[PDB]
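Notes follow the structure.
Sequence lines set the chain letters: A, B, ... in the order given, protein chains first and strands last, and positions in each chain run from 1.
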Amino acid sequence: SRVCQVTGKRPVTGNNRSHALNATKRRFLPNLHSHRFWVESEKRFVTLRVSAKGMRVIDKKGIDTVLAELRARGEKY
Amino acid sequence: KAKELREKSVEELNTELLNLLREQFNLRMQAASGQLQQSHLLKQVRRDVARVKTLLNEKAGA
Amino acid sequence: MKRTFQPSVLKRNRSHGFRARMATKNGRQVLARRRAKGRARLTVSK
Amino acid sequence: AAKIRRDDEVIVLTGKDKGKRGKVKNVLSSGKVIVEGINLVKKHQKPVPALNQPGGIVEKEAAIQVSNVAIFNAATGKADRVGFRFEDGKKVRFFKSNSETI
Amino acid sequence: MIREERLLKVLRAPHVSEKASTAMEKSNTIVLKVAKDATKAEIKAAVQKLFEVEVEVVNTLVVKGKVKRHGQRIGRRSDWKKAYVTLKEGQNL
RNA sequence: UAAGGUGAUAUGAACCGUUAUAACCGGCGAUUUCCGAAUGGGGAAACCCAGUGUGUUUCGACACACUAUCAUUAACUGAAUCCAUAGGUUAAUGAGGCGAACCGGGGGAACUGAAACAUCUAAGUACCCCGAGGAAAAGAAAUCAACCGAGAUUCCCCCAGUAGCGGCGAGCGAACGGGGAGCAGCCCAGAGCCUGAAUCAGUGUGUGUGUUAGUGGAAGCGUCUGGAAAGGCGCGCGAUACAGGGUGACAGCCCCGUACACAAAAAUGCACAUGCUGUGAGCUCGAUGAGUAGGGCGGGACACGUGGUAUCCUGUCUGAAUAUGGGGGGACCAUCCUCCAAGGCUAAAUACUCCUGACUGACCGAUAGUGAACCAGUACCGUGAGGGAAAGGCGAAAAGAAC
RNA sequence: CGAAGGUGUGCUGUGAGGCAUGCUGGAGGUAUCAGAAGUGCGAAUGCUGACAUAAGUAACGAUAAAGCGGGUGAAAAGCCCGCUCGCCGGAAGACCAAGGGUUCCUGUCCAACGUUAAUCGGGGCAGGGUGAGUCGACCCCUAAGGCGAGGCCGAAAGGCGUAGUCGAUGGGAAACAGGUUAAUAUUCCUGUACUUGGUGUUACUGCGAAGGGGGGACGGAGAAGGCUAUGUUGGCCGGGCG
């Protein structure tokens, strides 16, 4: 499913509102990308399905902390 | 009858069990033949078999 | 004339049988409905 | 804890047999009791080929309610009410009037 | 089959039909009511242990029960298994 | 507990018992075929077909046990690929399914109203889906108030159909404050002195109380009518008991009960007292939650439909201070007041009743009341989902009509 | 010593009504003044049950067809037995699969069911009847398709799919004649056969798969030729001389 493994962002339902204020249901999808992160603690490439915001979170925190959170949450990566 | 049967061992209770099974078979043959008359002996032997099996399961170790 | 019901026990058991109902979630709901209503016969089986 | 046992002498309180003294024969579980020569009914017994073939009008006893009979005293000579008590270590029945063990 | 406890349970009753009588008179066969799950080897061992007679072969068939009426109620009698045990020469019961 | 019983239709046969293993009742046990989450593999449910390990054997074959998937921990094992990793086997623990309502969350209509209709309503309703508990959720102020103060959440009554929102139409609709039910506060982001001085939680013991069987439990006769008395008449008695139900008509004193006084070998709940393991009080120092608050864009929830619109959530793009700081006080600014987000936990008052027991009804009384007073979710209808009836009353007693 | 309810009669008020009493019924009813309503039916092509009319009317379901004798029986057009007659005969005959489930055979009964009667019946009741190494299923193999550990995908539900596992309508071993019951038979009996595995003994020997190669293994149409099932005729045998 379209879920960011770092942040948990899912598709979220909302409205397309016309100029006549016609409300038709729609989905906002996240900006998911499958990325191979070079983990140094294991000398490996770990593939994760991550949003761009999650990638910024990885850049800030460090991949080690993010993976620690993921494995504390479960999330077989 | 259970008070008397508790004296017996695992062997000599299996022998009793098998003897009641033989008697049950013989009563079944007479009954089915239509020449039993004493129809209540079938209830008696069946319950005796149940008693012997209960005492076997008690003395098994549980 | 050729009428609608043309019986076949294999087709009956694959269509409305117990295992056909247990295969899907909706069939399990059908069985739950019938078991709550109190049906003597829960499926076409037997 | 039943006030009338199998072979008590009883006296009929109500019904066509009122005042008649008899000896009870059976105590049915439906609260009815058979007493010797009390509630006589003439049954029209049909004959049958195999067993008890002689038919006829047979006068036998029907069951009356246990509440319709009272234990007969025979010391006072009257109908009486029954109560319970413990003597030595058993539940005995005692005549309400003249407080004596049956 | 080997267990005498099983042997004492497989056989149930003898059949008392005209076909059974003719089979006994001609083919040296005894007809028995037996259990639903009794196998041919079980019937053979049971007859040849309990009745103490040598057995040539056993044929079996399952009899379907009848849908009988009692008042407004529909009952269905229980199915039963019928065994044709052909003895070799000797018969006692 | 017991002098009677072996459930009913439902008679009969054969029996069992009668001072205590007949029966019946309650506690604790054993047995518990097959299908069914079904779990050794398969399958058109209740069937078909196996493997491994022990133990028997007349050498025919038998009996018992284990053998599913996934998740977590460990141990061995281990590629491309050197170390490694994925992976493989094994072992322990756990889960799977069902269930009426209440509960939280993820999705989410239309009919309809607006006398048409699109913003709006209906309505975050119906319905689908995920998840937990006996309750759930929320909960200890980056909250309100107003220069006076209050002090966590939850629920009821007002405030008030008010202020507001609104093709300012239809309609929607607060809060501040006040009165009540209940009332409880804590912990981590970390060190020292004091270390297990609070404190719950799992798991033993003693005493009182409760549930699962049960004991005793008062007192009425005569006469008339009548098929039959419990009715009438007369005269008596009990009542901490005149609730109710049976008995041949309407019974306080015939029966079963009721008031009331008692009872447990065994299991178990509730309180105290009272254990084992393990969780760790108090003072002092500190620290005190960043891709976060905030912002652009697009939506949504707030009574509030973007309007002059504060506050709250976030799909996308960005992005601080960090106690000399930051959030809020309904555009926005200044002063003042107030609180301290970006970590968690927490009983009561609250909600519902598949089921269990007691009691009640100006509730129905067989076309009513549940669809079903009765062998009803049945007969019958349909491929199926599904739909779905009719049908009570002899009599006090079968004495149910010998001949 | 007779309640409610039913059915008559008499009286009574302006009316909805009220009162009394005969018969039936066989056990409840209830003043007065207040209180509450599932409180009043002639219609809604109203709902449910009963009962009429049409009316003893139409119809009695292929126009293949019936007649007579005897028997049983309370009763015979219909059942049984017999003789004649007529119909089908690439079917209206025999046998399977599917579907059904006891309708099968015997004894008994005729209320209802049978478009009439019914002694009869696929009707009611009772008892009996379905016998396999070789037939079929199961089983071993797979087709279309289904399901599907990991896996990919998807708000949840869930979708797809790999290894694999199911899935016949197809491939895979083997039995034929005769006799026999009221009802089964390639199953029972008689006779004569065939198949596939286990284990022993014996003689010889290189055996081994989740692998390799062959076979299984395949279309439409057409023509013959050789045969057989089968039929006809002749011979032979048995009976006949109408």
* What's the spacing between B/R28 CZ and B/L21 CG if we round to 0.5 Å? -> 9.0 Å
* Which nucleotide in F/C317, F/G4, F/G298 has an atom nearest any side-chain atom of A/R26 -> F/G298
* Asked: Between G/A43 and G/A44, is the six-membered ring centre distance under 5.5 Å and the plane-to-plane angle under 30°?
  -> no
* Have a look at D/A79 and say if it touches a base, only the backbone sugar-phosphate, or nothing, with a 4.0 Å heavy-atom cut-off. => nothing
* Identify which nucleotide among F/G124, F/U378, F/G384 has an atom closest to any side-chain atom of C/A40, counting heavy atoms from C-beta outward. => F/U378
Just the atom pairs and distances: protein N or O near nucleotides 15-20 of chain F's N or O, under 3.5 Å.
residue, atom, partner, partner atom, Å
F/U19, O2, D/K90, NZ, 2.6

* To do: Classify the side-chain pair A/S51/A/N31 by whether it contains a donor and acceptor separated by less than 3.5 Å.
  => no
* Keeping to residues at least two apart or across chains, list the salt bridge (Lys or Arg N to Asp or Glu O under 4.0 Å) pairs with something in residues 51-67 of chain A. => A/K61-A/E69
* Residues which pass ring-ring contact (aromatic ring centres under 6.0 Å, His included) with D/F95, listed by chain and number, not counting sequence neighbours -> none
* Paired with G/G225: which nucleotide, if any, by Watson-Crick or G-U wobble criteria at under 3.5 Å for both distances? -> none
* To do: Under 4.0 Å between any heavy atoms, over every strand shown, what does B/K1 touch: base, sugar-phosphate, or nothing? Just pick one.
  => nothing
* Give a yes or no on whether the neighbouring nucleotides F/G308 and F/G307 have stacked bases (ring centres less than 5.5 Å apart, plane angle less than 30°). => no
* Measuring from E/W80:CH2 to E/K33:NZ, what's the distance to the nearest 0.5 Å? -> 4.5 Å
* Kindly indicate whether G/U45 forms a Watson-Crick or G-U wobble pair with G/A31, where both distances must fall under 3.5 Å. => no
* Residue among E/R77, E/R76, E/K81 satisfying side-chain hydrogen bond (donor to acceptor under 3.5 Å, both in side chains) with E/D79 -> E/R76
* Asked: With both distances under 3.5 angstrom, what nucleotide forms a Watson-Crick or G-U wobble pair with F/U143?
  -> F/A150
* Asked: What distance do A/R71 atom CZ and A/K76 atom NZ have between them, rounded to the nearest 0.5 Å?
  -> 12.5 Å
* Could you check whether E/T22 gets within reach of a base, just the sugar-phosphate, or nothing at all, counting any heavy atom under 4.0 Å? => nothing
* Asked: For F/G384, which nucleotide in any strand shown is its Watson-Crick or wobble partner with both distances under 3.5 Å?
  -> none
* Quick one: which of F/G319, F/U247, F/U72 gets closest to the side chain of A/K76? -> F/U72
* To do: Tell me, please, if G/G114 and G/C120 meet the Watson-Crick or G-U wobble pairing rule with both distances under 3.5 Å?
  => yes
* Asked: If you group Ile, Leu, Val, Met, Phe, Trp and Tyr by side-chain heavy-atom gaps below 4.5 Å, do E/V31 and E/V85 land in one group?
  -> no
* To do: Could you work out which one of F/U306, F/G384, F/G124 sits closest to the side chain of A/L21?
  => F/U306
* Is A/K61 touching bases, backbone alone, or none of the nucleic acid, heavy atoms closer than 4.0 Å? -> sugar-phosphate
* Report yes or no: is the cationic atom of A/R26 (NZ for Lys, CZ for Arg) closer than 6.0 Å to the six-membered ring centre of A/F28, at no more than 45° off its axis? => yes
* Asked: With both distances under 3.5 Å required, do F/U9 and F/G55 pair Watson-Crick or G-U wobble?
  -> no
* **Non-neighbouring partners of C/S8 that pass side-chain contact (heavy atoms from CB on, under 4.5 Å), sequence neighbours left out** => C/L10, C/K11
* Structure fact -> Checking F/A397, F/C254, F/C98 against the side chain of D/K32 (C-beta onward), the nearest is F/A397
* To do: Using a cut-off of 3.5 Å for both contacts, decide if G/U181 and G/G208 are a Watson-Crick or G-U pair.
  => no
* Asked: When we call it a touch if two heavy atoms are under 4.0 Å apart, what does D/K96 touch: a base, just sugar-phosphate, or nothing?
  -> sugar-phosphate
* **Selection: residues 45-60 of chain D, any non-hydrogen atom under 4.0 Å of RNA chain F** => D/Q45, D/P47, D/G55, D/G56, D/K60
* Asked: Considering residues at least two apart in sequence or located in another chain, which fulfil the salt bridge (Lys or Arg N to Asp or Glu O under 4.0 Å) criterion with C/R41?
  -> none
* F/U57|F/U58 base stack, centroid gap <5.5 Å, plane angle <30° -> no
* Asked: Rounded to whole angstrom units, what separation is found between the CD1 atom of E/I2 and the P atom of F/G60?
  -> 12 Å
Quick one: which protein N/O atoms are closer than 3.5 Å to N/O atoms of nucleotides 28-33 of chain F? Pair and distance per line, please.
residue, atom, partner, partner atom, Å
F/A30, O3', B/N57, OD1, 3.1
F/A30, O2', B/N57, OD1, 3.3

* Touch class at under 4.0 angstrom, heavy-atom based, for C/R14 against every strand present -> sugar-phosphate
* Of all the choices, F/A45, F/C254, F/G315, which nucleotide is nearest to the side chain of D/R81 once you look at every atom? -> F/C254
* Selected nucleotide, minimal atom distance to C/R39 side chain, candidates F/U316, F/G299, F/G388 -> F/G388
* To do: Please confirm if F/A334 pairs with F/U119, counting Watson-Crick and G-U wobble geometry and requiring both distances below 3.5 Å.
  => no
* **Nucleotide interval of RNA chain G bounded by contacts with chain A (heavy-atom cut-off, under 4.0 Å)** => G/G154 to G/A156
* By the criterion of two distances each under 3.5 Å, are G/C95 and G/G198 a Watson-Crick or G-U wobble pair? -> no
* **WC/wobble flag for G/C88 and G/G136, Watson-Crick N1-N3 plus second contact under 3.5 Å** => no
* Looking at CD of B/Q30 and CD of B/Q38, how far apart are the two atoms once the value is rounded to the nearest 0.5 Å? -> 10.0 Å
* **For E/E56, all residues meeting salt bridge (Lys or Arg N to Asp or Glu O under 4.0 Å), sequence neighbours excluded** => none
Heteroatom pairs (N/O) under 3.5 angstrom, protein to nucleotides 127-130 of chain F:
residue, atom, partner, partner atom, Å
F/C129, OP1, C/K25, NZ, 2.7
F/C129, OP1, C/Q29, NE2, 2.3

* Asked: What nucleotide, of F/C255, F/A45, F/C317, holds the atom closest to the side chain of D/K3?
  -> F/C255
* Any residue meeting salt bridge (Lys or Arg N to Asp or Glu O under 4.0 Å) with D/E100, in chain and number order, not counting sequence neighbours -> none
* Ring-base stacking, A/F28 with F/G315 (5.5 Å, 30° cut-offs) -> no
* Two-distance pair criterion under 3.5 Å, Watson-Crick or G-U, for F/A271 and F/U209 -> no
* Asked: Can you list the residues that meet the salt bridge (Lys or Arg N to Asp or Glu O under 4.0 Å) rule with A/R49, with sequence neighbours excluded?
  -> none
* Ignoring hydrogens and angles, does a donor from either the side chain of C/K37 or the base of F/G388 sit under 3.5 Å from an acceptor on the other? -> yes
* Asked: Both distances under 3.5 Å and Watson-Crick or G-U wobble geometry: does that hold for F/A86 with F/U225?
  -> no
* To do: With both distances required to be under 3.5 Å, indicate if F/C172 and F/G164 make a Watson-Crick or G-U pair.
  => yes
